[PDB]
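All remarks here apply to the structure that follows.
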Amino acid sequence: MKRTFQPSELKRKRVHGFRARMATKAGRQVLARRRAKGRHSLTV
Amino acid sequence: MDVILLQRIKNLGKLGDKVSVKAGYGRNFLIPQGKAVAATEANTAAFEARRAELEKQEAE
Amino acid sequence: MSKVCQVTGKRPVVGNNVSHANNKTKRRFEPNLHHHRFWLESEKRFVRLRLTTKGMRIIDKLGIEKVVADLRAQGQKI
RNA sequence: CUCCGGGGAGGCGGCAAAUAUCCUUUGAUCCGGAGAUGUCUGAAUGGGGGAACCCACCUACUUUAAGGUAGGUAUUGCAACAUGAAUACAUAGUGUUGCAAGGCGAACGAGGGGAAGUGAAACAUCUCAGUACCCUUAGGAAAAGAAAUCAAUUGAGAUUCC
RNA sequence: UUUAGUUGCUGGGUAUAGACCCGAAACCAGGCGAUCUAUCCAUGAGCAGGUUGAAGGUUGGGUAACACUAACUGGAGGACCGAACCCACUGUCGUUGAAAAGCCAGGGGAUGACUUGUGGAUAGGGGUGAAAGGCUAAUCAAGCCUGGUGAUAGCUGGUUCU
RNA sequence: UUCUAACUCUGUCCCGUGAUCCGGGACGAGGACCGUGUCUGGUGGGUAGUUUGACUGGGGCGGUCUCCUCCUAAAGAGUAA
Ligand SMILES: NCCC[C@H](N)CC(=O)N[C@@H]1[C@H](O)[C@@H](OC(N)=O)[C@@H](CO)O[C@H]1NC1=N[C@@H]2C(=O)NC[C@@H](O)[C@H]2N1
């Protein structure tokens with residue numbers, strides 16, 4: 001049966017990407033939190 | 001508003017009289033058309049000291 | 001770009017509605033703002049300002065030129 | 001990598017031994033200070049974009065082929081200058097130059113908004129509490145501050161903290 | 001009129017704090033989700049084969065002219081039978097399954113209110129719904145994550161040497 | 001009743017300007033109305049927070065809930081359904 005995850009890299013980058021996060025204040029706060037926690041990879 | 005005229009008005013008076021006028025009449029009609037100006041002490045002194053004769057000269 | 005009076009600086013403030021049973025809910029009080037065109041002789045033109053009726057009372061008492069000079073000195077495009 | 005100072009026999013960073021070529025008393029490795037170089041992304045600022053990519057223009061020098069070197073080309077605010085409508089003076093608009101700003105980061109400060117769980121042995125006034133949280137913005141601290149203040153024997157004498 | 005207090009140290013009790021420990025269904029604030037699914041927008045793609053024979057047209061009959069009529073053409077339809085494709089009516093099996101919704105044998109639609117790819121829009125007391133309180137990432141009579149938060153529990157359990 | 005000068009136009013033309021936004025100008029149609037701020041009466045399950053008793057031969061329905069007199073009450077007092 002069809003499952004929930006149907007991967008598409010263009011959609012992945014446009015929804016969860018670095019520039020998408022930079023575009024809004026809440027996304028910049030997300031990036032700040034992840035930098036403070038010390039994640040090795042900030043975004044997808 | 002208290003104003004002094006610079007010309008003649010049919011019911012108000014004429015030529016330098018100080019009369020009490022509703023704020024709208026002065027603000028929207030008289031001042032922006034030059035028929036009168038507000039009766040500040042400086043305005044009254046300036047009108048009376050020099051330009052009284054100058055205004056009285058212009059009949060029409 | 002806001003409900004702010006150009007002449008006096010008034011703006012909305014917050015308060016409460018109080019009922020007969022003393023229930024309190026948040027509200028705001030707004031200024032009596034609106035637009036008005038003033039003839040300016042020194043520049044031969046009409047200047048349009050967003051202001052309150054208290055702003056008009058101040059303009060009536062002080063003169064339009066003095067008020068415009070004060071706003072320009074405060075740094076507004078009039 | 002360079003210079004200056006220290007030091008005086010070993011050294012070629014670690015996982016990580018071996019090995020090779022080796023460097024060094026003409027002073028190495030090492031330690032401290034000052035300089036040189038410093039790709040691409042990122043406020044990213046020549047335009048665009050799915051970050052680390054795609055596409056440009058203008059000068060000066062250089063090449064004879066289809067290029068190379070260096071510099072410049074963002075926006076907004078202020079100032080000077082130039083240009084310039086409806087419209088005659090003007091203003092709006094437009095451009096050049098010069099200056100400044102933006103972003104990040106622990107807590108503490110000031111300001112703009114602001115709950116509910118809970119307690120009241122139920123609950124609406126009240127409490128929780130101007131707390132949690134969101135937004136703007138400083139400084140090494142901030143804020144406040146030199147009485148239109150208190151006191152009540154006619155006395156005290158700015159603000160802050162215990 | 002009752003005539004020994006007071007300040008330390010240790011211990012028993014009480015009060016304010018999470019106050020002996022573990023346990024809700026909930027409520028509030030700020031963020032993350034339409035790669036599943038619901039509806040919509042733009043641009044592309046798909047539907048073997050066989051039947052039936054609507055409107056209209058031509059010709060001949062028939063009328064004072066109509067009207068009427070026969071034959072031939074013609075190819076309509078949320079038309080018919082039936083593969084692909086899309087569904088899900090019955091039964092057996094499976095139920096620590098091959099599978100967190102299937103296989104097998106039969107079944108329905110199959111040119112349309114049709115099926116489908118790519119890219120977009122709508123975000124939580126909101127969305128969308130040919131309407132079942134259905135769906136909104138295996139979660140829905142109010143999604144998920146992080147904070148208020150160690151919420152409160154007149155209830156249940158547990159509570160360690162002589 | 002009339003007027004225009006505040007104010008309105010999701011009406012026409014011109015300029016910024018290469019532009020169905022916007023601003024300025026010229027007209028036209030309205031006009032002290034409409035509309036907005038403060039105060040105030042009405043309406044208001046649209047939305048929100050909550051309440052909606054106990055006893056009881058299970059609960060609900062019915063009955064009862066405070067006071068006085070007699071019996072049950074076992075010759076002092078008190079004694080339940
Ligand atoms: N600290 C909280 C105290 C709560 C009150 N005590 C509750 C109360 O008694 N409300 C009643 C009630 O709602 C109703 O009358 C009745 N009884 O039904 C109305 C009819 O006017 O009158 C209300 N009374 C008041 N309205 C006034 C007001 O708001 N301000 C000033 C003063 O006039 C106030 N008192």
Side-chain angles (χ1 to χ4, degrees), chain A, chain B residues 1 3 5-7 9-12 21-37, chain C residues 1-60 64-65 68 72-78:
Chain A
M1 305 129 68
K2 177 150 50 144
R3 299 304 182 190
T4 36
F5 184 58
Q6 310 295 325
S8 154
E9 217 56 30
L10 181 59
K11 279 143 72 62
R12 183 164 184 77
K13 287 323 214 47
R14 280 175 179 179
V15 179
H16 310 294
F18 182 84
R19 301 183 55 82
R21 299 272 197 239
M22 287 309 285
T24 75
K25 188 202 49 91
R28 261 137 38 218
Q29 258 141 12
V30 167
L31 295 183
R33 290 198 302 264
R34 292 181 74 86
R35 278 190 183 107
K37 208 191 186 178
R39 293 275 184 181
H40 283 195
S41 99
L42 279 195
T43 65
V44 299
Chain B
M1 278 153 48
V3 283
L5 319 175
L6 298 201
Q7 82 170 43
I9 290 93
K10 292 308 297 171
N11 287 40
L12 269 204
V21 153
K22 290 183 178 173
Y25 195 14
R27 180 194 305 114
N28 297 318
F29 184 70
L30 295 179
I31 312 304
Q33 275 175 20
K35 306 188 186 304
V37 95
Chain C
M1 306 247 283
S2 307
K3 275 185 223 273
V4 184
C5 179
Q6 285 185 252
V7 177
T8 72
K10 278 175 182 270
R11 51 162 80 234
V13 307
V14 286
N16 284 311
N17 299 115
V18 187
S19 93
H20 284 294
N22 221 278
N23 313 105
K24 286 181 173 35
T25 55
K26 289 282 199 171
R27 61 166 297 183
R28 53 225 298 274
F29 298 83
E30 290 205 316
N32 201 6
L33 260 198
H34 66 269
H35 285 94
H36 192 105
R37 300 158 52 245
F38 289 91
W39 179 251
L40 190 62
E41 202 52 41
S42 49
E43 330 205 326
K44 281 342 199 73
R45 43 175 266 206
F46 277 104
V47 183
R48 202 159 102 109
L49 302 162
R50 199 180 182 180
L51 79 179
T52 52
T53 53
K54 184 186 187 86
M56 295 172 182
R57 286 178 89 237
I58 290 169
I59 287 176
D60 287 6
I64 186 87
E65 319 257 356
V68 163
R72 280 174 167 149
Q74 264 153 60
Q76 300 195 254
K77 324 275 95 169
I78 317 297

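To find a chain, count down the sequence lines: A is the first, B the second, and so on, and within it residues start at 1. Values below: all heavy atoms of this structure, side chains included; hydrogens, waters and symmetry mates excluded.
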Paired nucleotide for [N] [Watson-Crick or G-U wobble; both distances under 3.5 Å]:
N	answer
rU90(E)	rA105(E)
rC72(E)	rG57(E)
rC47(E)	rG112(E)
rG119(E)	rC41(E)
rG145(D)	none
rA80(D)	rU96(D)
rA64(E)	none
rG71(D)	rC58(D)

Can you check the [X] [atom1] to [N] [atom2] distance for me, whole Å?
X	N	atom1	atom2	result
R72(C)	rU91(D)	CZ	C1'	11 Å
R33(A)	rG30(E)	CZ	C1'	9 Å
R11(C)	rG111(D)	CZ	P	16 Å
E41(C)	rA90(D)	CD	P	18 Å
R34(A)	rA51(D)	CZ	P	14 Å
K24(C)	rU125(D)	NZ	P	9 Å
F29(C)	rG112(D)	CZ	P	17 Å
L10(A)	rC53(D)	CG	P	19 Å

With both distances under 3.5 Å required, do [N] and [M] pair Watson-Crick or G-U wobble?
N	M	result
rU25(D)	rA110(D)	no
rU83(D)	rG93(D)	yes
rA100(D)	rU76(D)	yes
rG35(D)	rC1(D)	yes
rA138(E)	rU52(E)	no
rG8(E)	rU152(E)	no
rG155(D)	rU118(D)	no
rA116(D)	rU149(D)	no

Review point. Around atom CZ of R27(C), are there more than 12 heavy atoms of other residues, nucleotides or ligands at under 6.0 Å?
Key: yes

Exercise for review: Check whether the side chain of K26(C) and the base of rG130(D) form a donor-acceptor pair under 3.5 Å.
Suggested key: yes

Point to revise | Of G24(B) and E30(C), the one whose closest RNA chain F nucleotide lies more 5' | key: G24(B)

**Study point:** 5'-most by nearest nucleotide on RNA chain F - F46(C) or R28(C)
**Key:** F46(C)

Please check the phosphate of [N] (OP1 and OP2 only) for any side-chain N or O of [X] closer than 4.0 Å.
X	N	result
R12(A)	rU35(E)	no
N23(C)	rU125(D)	yes
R27(C)	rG113(D)	no
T53(C)	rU36(F)	no
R37(C)	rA6(F)	yes

Could you pull out the protein-nucleic contacts involving nucleotides 99-102 of chain E (nitrogen or oxygen on both sides, under 3.5 Å)?
| unit_1 | atom_1 | unit_2 | atom_2 | d |
| --- | --- | --- | --- | --- |
| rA101(E) | OP1 | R3(A) | NH2 | 3.3 |

Practice item. Not counting sequence neighbours, list each pair that qualifies as a salt bridge (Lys or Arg N to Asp or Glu O under 4.0 Å) and has a residue in residues 44-55 of chain C. Key: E41(C)-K44(C), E43(C)-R45(C)

Study note, to complete from the structure: Taking pairs as Watson-Crick (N1-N3 plus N6-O4 or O6-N4) or G-U wobble (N1-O2 and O6-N3), each distance under 3.5 Å, the stems of three or more consecutive pairs with RNA chain F are F:7-9 with F:28-30, F:11-16 with F:22-27, F:53-55 with F:63-65

